[PDB]
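Undergrad: One structure coming up, written as structure tokens, with questions to follow.
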Amino acid sequence: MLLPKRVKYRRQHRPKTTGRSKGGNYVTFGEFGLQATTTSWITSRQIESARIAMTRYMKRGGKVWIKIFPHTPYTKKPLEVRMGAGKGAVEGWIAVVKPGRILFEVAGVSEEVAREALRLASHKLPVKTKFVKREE
Amino acid sequence: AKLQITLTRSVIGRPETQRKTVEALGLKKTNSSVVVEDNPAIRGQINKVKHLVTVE
Amino acid sequence: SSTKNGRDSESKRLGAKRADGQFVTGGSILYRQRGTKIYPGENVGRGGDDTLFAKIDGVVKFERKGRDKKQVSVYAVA
Amino acid sequence: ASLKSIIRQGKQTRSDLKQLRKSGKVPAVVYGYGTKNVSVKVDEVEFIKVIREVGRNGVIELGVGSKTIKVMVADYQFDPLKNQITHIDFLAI
Amino acid sequence: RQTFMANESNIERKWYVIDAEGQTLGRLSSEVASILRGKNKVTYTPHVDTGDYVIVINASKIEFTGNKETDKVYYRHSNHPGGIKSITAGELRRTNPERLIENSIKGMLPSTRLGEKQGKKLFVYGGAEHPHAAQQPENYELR
Amino acid sequence: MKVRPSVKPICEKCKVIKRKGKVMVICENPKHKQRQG
Amino acid sequence: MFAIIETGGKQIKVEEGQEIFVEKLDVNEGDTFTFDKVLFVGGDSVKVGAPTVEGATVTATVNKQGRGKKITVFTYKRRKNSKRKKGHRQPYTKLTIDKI
RNA sequence: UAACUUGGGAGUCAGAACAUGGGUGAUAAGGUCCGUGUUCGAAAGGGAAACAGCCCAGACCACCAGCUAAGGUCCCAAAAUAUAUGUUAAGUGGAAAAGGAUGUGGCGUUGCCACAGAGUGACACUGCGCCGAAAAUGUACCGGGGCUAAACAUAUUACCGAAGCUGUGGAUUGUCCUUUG
């Protein structure tokens with residue numbers, strides 16, 4: 001479960017969620033990558049679910065690189081409460097994925113088995129993906 | 001004496017900033033016309049209200 | 001379910017009080033600040049609250065004092 | 001294989017650049033020795049073909065200003081979403 | 001002032017007959033609604049009916065475009081709880097051919113006291129003959 | 001006959017066809033018969 | 001034989017010996033008037049063109065200069081205490097086309 | 001073409017929606033609290049089928065005159081069954097996503113020149129459609145009839161259309177005294 005060991009402020013404003021990604025648009029570590037074509041929030045629990053389903057198809061073949069990390073925390077008020085009377089409490093940690101950012105990277109395998117591994121990892125995420133390679 | 005500006009669209013539903021530019025050109029009613037000599041100062045005014053007036 | 005926040009202080013109107021190239025009197029205030037964001041140039045004093053005021057009449061001009069610093073001066077008319 | 005290129009004068013508006021990236025052309029600039037940053041245009045599919053022959057670090061016999069100049073590709077911008085280039089730089093030797 | 005209006009005295013109505021062999025339902029009903037209303041002549045006079053009598057023979061062989069013989073359903077209620085009936089378009093042409101054509105035209109006329117007297121000038125027959133031979137109806141080509 | 005919105009071939013023998021505007025999968029084994037995908 | 005003349009911003013079809021009502025005229029009662037702008041002459045005579053035919057003026061004698069019946073202009077807004085009533089009598093002039 | 005100063009008399013301190021930049025809530029509410037515009041409030045008229053807040057436009061009075069705006073031109077219902085060139089078979093238009101698929105066009109890539117003879121495999125990249133898609137009085141998310149063009153794109157010509165504007169008379173106030181006007 002990815003989460004920072006310490007943060008300065010537990011309660012922060014939600015990210016913008018609109019626009020385009022700043023960096024991480026190319027494949028640098030591995031060979032075959034996984035792009036994103038839709039914007040959404042990727043919870044840390046959805047990362048461990050996709051990482052296990054991916055590295056299992058490759059028993060001991062190669063290495064996987066997680067390129068994102070859940071820095072921003074989100075809050076949620078308890079059940080059966082009216083509006084106001086303060087803010088909520090931390091419930092999880094999210095990231096911001098915009099069209100163009102690589103999510104996972106895989107190396108050490110063949111091209112025919114890299115497509116099947118990155119396919120099972122895309123059904124666990126709430127965004128649409130595209131299989132990409134290293135640029136010439 | 002070489003430019004004629006007429007008012008086509010109405011000023012209802014327009015920002016107050018653009019209503020002062022039409023008043024500074026001498027266009028009171030709709031479809032009203034004026035004659036002015038071209039210059040950097042008068043040209044920049046109709047460039048602000050381009051979507052409200054047409055120049056011949 | 002009470003909170004502990006909600007308190008703030010009154011806003012202190014800081015910043016420039018006179019524009020550039022404007023005629024000022026001999027006791028007008030040019031700048032309110034906390035610290036030294038702008039240094040006192042010639043014909044401009046410095047108050048006990050880091051306020052910048054002018055000593056003489058004339059036009060006020062903002063200049064640059066070296067690298068990453070600036071100052072403000074007052075020159076007499078004509 | 002040689003880059004048959006044309007020139008564009010004036011200041012190209014934002015619409016014409018979008019219309020240039022759709023007709024199959026790519027803008028480029030030659031800022032070598034004496035060229036004086038001459039803005040130039042080039043085809044898209046004929047650029048991918050020639051760089052495969054000579055390589056990423058090879059010279060090009062580009063024709064700009066109705067004359068031959070030996071230039072190489074210094075750096076280029078790439079849009080990863082639509083797997084195509086958007087701009088080329090030419091550093092003459 | 002200076003505009004002419006037609007009253008009950010100066011009105012002349014003619015009898016026409018239309019052939020519906022090989023024509024579309026909606027394309028034919030629209031032009032017949034113009035003949036019944038009276039917008040074909042220069043003495044319109046909206047508050048007075050100046051239309052002409054029209055007769056539509058061969059009510060069968062009315063053509064549809066697309067899957068309309070099956071996917072077009074005619075609904076009607078009967079003011080009773082749960083009572084609702086439905087008849088497809090292909091079945092209506094087989095049992096009651098004239099009703100399919102007569103209702104498509106009456107749906108284009110205005111629903112007023114005068115718009116009801118105009119709809120009574122229509123006579124639709126499934127066969128190729130009409131009984132009203134006493135009058136002299138002239139054939140009419142739709143445009 | 002399975003009725004699932006995601007109809008896919010299972011083995012090398014099955015085949016995908018279209019009948020009356022619907023994706024069908026007819027296979028030699030009666031087990032791999034799907035519809036409406 | 002009729003003619004179409006433009007008199008007071010509108011157009012009227014006239015005939016010999018006819019009583020027409022038009023907008024107010026500066027002529028006196030009992031005098032004569034002459035319409036200069038004729039747009040169309042037809043009927044029994046030969047057809048002519050437009051916008052204005054050559055000559056072919058119309059002469060007519062003035063009969064009476066009076067006012068029409070009075071109307072009452074009343075408007076109001078509901079739940080808003082604001083109503084206003086006016087009156088109006090529009091003047092007119094009657095002529096008789098003696099020669100076309 | 002307004003601004004500032006002096007004095008007389010006030011009303012107002014419950015605001016609303018819409019577009020947009022943001023807190024709070026659950027990137028819920030016709031929610032709630034701030035910044036910046038518009039309309040309503042205090043605004044008639046035309047359009048959105050009916051609909052204070054959305055689009056067009058600000059009613060001094062009279063007329064059986066003319067020209068346009070937003071929206072429109074088969075019938076209801078005023079004006080093209082207008083012209084050229086393509087797409088779509090679902091009644092899509094005229095309700096919904098992950099996902100699935102030899103539906104059908106347009107521009108490309110590339111290896112065998114066979115797969116069972118002139119054709120043939122596998123991908124990238126886009127246009128428009130299909131499945132996923134079940135609610136309670138009655139068809140019932142086109143306003144109705146009805147429509148494979150009267151649908152959707154694209155490039156040109158006409159016309160309809162408001163209390164807007166012009167035309168022709170008339171009633172007031174104000175301002176130039178070009179004309180006791």
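In the structure tokens, the first chain shown is A, the next is B, and so on; residue numbers restart at 1 for each chain, and ligands run from 1 in the order shown.
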Quick one: pick out all strand (DSSP E or B) residues within chain G from a backbone DSSP run and write them as a ChimeraX atom specification.
TA: /G:3-6,11-14,19-22,32-35,38-41,58-67,71-77,82-88,91-99
Undergrad: Give the residues of chain E that lie within 12 Å of chain G; count only C-alpha atoms, and format the answer as a list in words.
TA: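 The complete set of qualifying residues is residues 1, 2 and 3 of chain E.
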Undergrad: Check chain D with DSSP on the backbone and list each residue it calls helix (DSSP H, G or I), as a PDB file with C-alpha atoms, in the first residue's frame.
TA:
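Output saved as part-v2.pdb:
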```
ATOM      1  CA  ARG D  14      -2.064  29.787 -35.786  1.00  0.00           C
ATOM      2  CA  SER D  15      -4.717  28.417 -38.147  1.00  0.00           C
ATOM      3  CA  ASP D  16      -2.279  27.863 -41.016  1.00  0.00           C
ATOM      4  CA  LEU D  17       0.073  25.850 -38.797  1.00  0.00           C
ATOM      5  CA  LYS D  18      -2.828  23.558 -37.889  1.00  0.00           C
ATOM      6  CA  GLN D  19      -3.672  23.337 -41.598  1.00  0.00           C
ATOM      7  CA  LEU D  20      -0.009  22.546 -42.325  1.00  0.00           C
ATOM      8  CA  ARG D  21       0.099  19.665 -39.825  1.00  0.00           C
ATOM      9  CA  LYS D  22      -2.969  18.129 -41.516  1.00  0.00           C
ATOM     10  CA  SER D  23      -1.949  18.331 -45.188  1.00  0.00           C
ATOM     11  CA  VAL D  45       6.445  10.827 -44.960  1.00  0.00           C
ATOM     12  CA  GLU D  46       9.611  11.696 -46.894  1.00  0.00           C
ATOM     13  CA  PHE D  47      11.410  12.598 -43.661  1.00  0.00           C
ATOM     14  CA  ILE D  48      10.809   9.283 -41.883  1.00  0.00           C
ATOM     15  CA  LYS D  49      12.056   7.450 -44.984  1.00  0.00           C
ATOM     16  CA  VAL D  50      15.391   9.249 -45.358  1.00  0.00           C
ATOM     17  CA  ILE D  51      16.417   9.119 -41.687  1.00  0.00           C
ATOM     18  CA  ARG D  52      15.991   5.337 -41.751  1.00  0.00           C
ATOM     19  CA  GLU D  53      18.606   5.125 -44.509  1.00  0.00           C
ATOM     20  CA  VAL D  54      21.360   7.366 -43.155  1.00  0.00           C
ATOM     21  CA  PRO D  80       3.172  11.021 -28.105  1.00  0.00           C
ATOM     22  CA  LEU D  81      -0.625  10.914 -28.345  1.00  0.00           C
ATOM     23  CA  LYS D  82      -0.699  10.946 -32.167  1.00  0.00           C
TER      24      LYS D  82
END
```
Undergrad: Dump as a PDB file with C-alpha atoms, in the first residue's frame the residues of chain A that approach chain C to within 10 Å, counting only C-alpha atoms.
TA:
```pdb
ATOM      1  CA  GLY A  84     -20.364  22.140   7.964  1.00  0.00           C
ATOM      2  CA  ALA A  85     -18.918  21.780  11.460  1.00  0.00           C
ATOM      3  CA  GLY A  86     -15.413  21.444  10.024  1.00  0.00           C
ATOM      4  CA  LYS A  87     -13.671  19.204   7.514  1.00  0.00           C
TER       5      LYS A  87
END
```
Undergrad: So what do you get for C1' of residue 105 (chain H) versus CA of residue 127 (chain A), distance-wise?
TA: 29.4 Å
Undergrad: Which residues come within 7 Å of region 19-36 of chain B, counting only C-alpha atoms (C1' of nucleotides), excluding same-chain residues fewer than 4 positions away, as a PyMOL selection string?
TA: (chain B and resi 1-8+10-11+15+45) or (chain H and resi 165)
Undergrad: Output N, CA and C atoms (P, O5', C5', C4', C3', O3' and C1' of nucleotides) for every residue in that selection, as a PDB file, in the first residue's frame.
TA:
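Final file, selection23.pdb:
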```pdb
ATOM      1  N   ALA B   1     -13.469  61.561 -42.087  1.00  0.00           N
ATOM      2  CA  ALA B   1     -14.134  61.900 -43.337  1.00  0.00           C
ATOM      3  C   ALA B   1     -13.996  60.773 -44.352  1.00  0.00           C
ATOM      4  N   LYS B   2     -13.318  59.696 -43.949  1.00  0.00           N
ATOM      5  CA  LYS B   2     -13.093  58.574 -44.850  1.00  0.00           C
ATOM      6  C   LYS B   2     -13.604  57.254 -44.289  1.00  0.00           C
ATOM      7  N   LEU B   3     -13.960  57.210 -43.009  1.00  0.00           N
ATOM      8  CA  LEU B   3     -14.487  56.008 -42.373  1.00  0.00           C
ATOM      9  C   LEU B   3     -15.913  56.271 -41.912  1.00  0.00           C
ATOM     10  N   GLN B   4     -16.801  55.315 -42.167  1.00  0.00           N
ATOM     11  CA  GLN B   4     -18.193  55.378 -41.727  1.00  0.00           C
ATOM     12  C   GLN B   4     -18.483  54.114 -40.926  1.00  0.00           C
ATOM     13  N   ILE B   5     -18.902  54.292 -39.682  1.00  0.00           N
ATOM     14  CA  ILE B   5     -19.199  53.182 -38.785  1.00  0.00           C
ATOM     15  C   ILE B   5     -20.689  53.173 -38.479  1.00  0.00           C
ATOM     16  N   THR B   6     -21.329  52.030 -38.710  1.00  0.00           N
ATOM     17  CA  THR B   6     -22.737  51.845 -38.397  1.00  0.00           C
ATOM     18  C   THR B   6     -22.886  50.732 -37.368  1.00  0.00           C
ATOM     19  N   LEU B   7     -23.946  50.832 -36.572  1.00  0.00           N
ATOM     20  CA  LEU B   7     -24.195  49.899 -35.481  1.00  0.00           C
ATOM     21  C   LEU B   7     -25.202  48.847 -35.930  1.00  0.00           C
ATOM     22  N   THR B   8     -24.782  47.582 -35.929  1.00  0.00           N
ATOM     23  CA  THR B   8     -25.640  46.480 -36.351  1.00  0.00           C
ATOM     24  C   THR B   8     -26.265  45.755 -35.164  1.00  0.00           C
ATOM     25  N   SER B  10     -27.170  45.021 -31.085  1.00  0.00           N
ATOM     26  CA  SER B  10     -27.604  45.824 -29.955  1.00  0.00           C
ATOM     27  C   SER B  10     -26.629  45.689 -28.789  1.00  0.00           C
ATOM     28  N   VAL B  11     -26.709  46.646 -27.860  1.00  0.00           N
ATOM     29  CA  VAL B  11     -25.821  46.647 -26.699  1.00  0.00           C
ATOM     30  C   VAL B  11     -26.418  45.942 -25.491  1.00  0.00           C
ATOM     31  N   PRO B  15     -21.021  43.572 -21.889  1.00  0.00           N
ATOM     32  CA  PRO B  15     -20.348  44.134 -20.714  1.00  0.00           C
ATOM     33  C   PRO B  15     -20.331  45.656 -20.754  1.00  0.00           C
ATOM     34  N   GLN B  45     -10.472  51.693 -31.393  1.00  0.00           N
ATOM     35  CA  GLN B  45     -11.775  51.647 -30.737  1.00  0.00           C
ATOM     36  C   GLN B  45     -12.713  50.673 -31.437  1.00  0.00           C
TER      37      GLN B  45
ATOM     38  P     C H 165     -36.051  51.475 -33.049  1.00  0.00           P
ATOM     39  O5'   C H 165     -35.581  51.726 -34.548  1.00  0.00           O
ATOM     40  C5'   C H 165     -34.205  51.862 -34.870  1.00  0.00           C
ATOM     41  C4'   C H 165     -33.955  51.618 -36.337  1.00  0.00           C
ATOM     42  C3'   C H 165     -34.729  52.504 -37.300  1.00  0.00           C
ATOM     43  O3'   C H 165     -34.156  53.788 -37.474  1.00  0.00           O
ATOM     44  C1'   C H 165     -34.923  50.261 -37.988  1.00  0.00           C
TER      45        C H 165
END
```
Undergrad: May I ask you to extract the residues of chain G within 6 Å of chain H, using only C-alpha atoms (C1' of nucleotides), and to give them as a PyMOL selection string?
TA: chain G and resi 8-10
Undergrad: Enumerate as a PyMOL selection string the residues belonging to chain A that approach chain H to within 10 Å, with only C-alpha atoms (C1' of nucleotides) taken into account.
TA: chain A and resi 13-18+40-41+75-77+82-84+86-88+123+126-128
Undergrad: So what do you get for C1' of residue 160 (chain H) versus CA of residue 14 (chain B), distance-wise?
TA: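 Going from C1' of residue 160 (chain H) over to CA of residue 14 (chain B), I get 28.7 Å.
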Undergrad: When you look at residue 50 (chain E) with a cut-off of 12 Å (counting only C-alpha atoms (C1' of nucleotides)), what residues show up, excluding the ones that are within fewer than 6 positions of it in the same chain? I need them as a list in words.
TA: residues 5, 6, 7, 8, 9, 10, 11, 12, 13, 14, 34, 35, 36, 37, 38, 39, 40, 41, 42, 43, 44, 114, 115, 117, 118 and 121 of chain E
Undergrad: In Å, rounded to a single decimal, give me how far CA of residue 3 (chain F) is from CA of residue 36 (chain F).
TA: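 Rounded to one decimal, the two atoms are 5.7 Å apart.
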Undergrad: From the options H:76, H:162, H:136, H:95, which residue's atoms come nearest to chain E, counting only C-alpha atoms (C1' of nucleotides)?
TA: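 Among H:76, H:162, H:136, H:95, it is H:76 that comes nearest to chain E.
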Undergrad: Chain H residues within 10 Å of chain E, counting only C-alpha atoms (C1' of nucleotides): which ones, as a PyMOL selection string?
TA: chain H and resi 64+74-77+81+89+91+137-139+144-148+150
Undergrad: Would you put the residues from that selection into a file with C-alpha atoms (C1' of nucleotides), as a PDB file, in the first residue's frame?
TA:
```pdb
ATOM      1  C1'   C H  64     -55.094  46.622 -44.326  1.00  0.00           C
ATOM      2  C1'   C H  74     -43.609  19.021 -46.838  1.00  0.00           C
ATOM      3  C1'   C H  75     -48.831  19.733 -43.909  1.00  0.00           C
ATOM      4  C1'   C H  76     -50.814  21.870 -38.930  1.00  0.00           C
ATOM      5  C1'   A H  77     -48.355  27.167 -39.773  1.00  0.00           C
ATOM      6  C1'   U H  81     -40.553  19.220 -51.607  1.00  0.00           C
ATOM      7  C1'   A H  89     -30.416   1.363 -42.277  1.00  0.00           C
ATOM      8  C1'   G H  91     -36.562   5.489 -37.138  1.00  0.00           C
ATOM      9  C1'   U H 137     -53.375   5.867 -14.815  1.00  0.00           C
ATOM     10  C1'   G H 138     -52.539   5.938 -21.390  1.00  0.00           C
ATOM     11  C1'   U H 139     -48.947   5.737 -27.028  1.00  0.00           C
ATOM     12  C1'   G H 144     -48.560  16.173 -33.745  1.00  0.00           C
ATOM     13  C1'   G H 145     -49.326  13.901 -38.682  1.00  0.00           C
ATOM     14  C1'   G H 146     -45.610  11.833 -41.020  1.00  0.00           C
ATOM     15  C1'   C H 147     -40.503  11.383 -43.126  1.00  0.00           C
ATOM     16  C1'   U H 148     -34.768   7.005 -46.245  1.00  0.00           C
ATOM     17  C1'   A H 150     -38.568  16.252 -44.757  1.00  0.00           C
TER      18        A H 150
END
```
Undergrad: Which residues are close to region 2-7 of chain A, i.e. within 7 Å by only C-alpha atoms (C1' of nucleotides), leaving aside same-chain residues fewer than 3 positions away? Reply as an NGL selection string.
TA: :A and (10 or 44 or 70-71 or 93)
Undergrad: Select residues of chain H: the criterion is any atom within 7 Å of an atom of chain F, counting only C-alpha atoms (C1' of nucleotides); output as number ranges by chain.
TA: H: 99-101, 131-132
Undergrad: I'd like the contact shell of region 96-108 of chain A - 6 Å cut-off, only C-alpha atoms (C1' of nucleotides), skipping same-chain residues fewer than 3 positions apart - returned as an MDAnalysis selection string.
TA: chainID A and resid 20:21 24:25 30:41 62:67
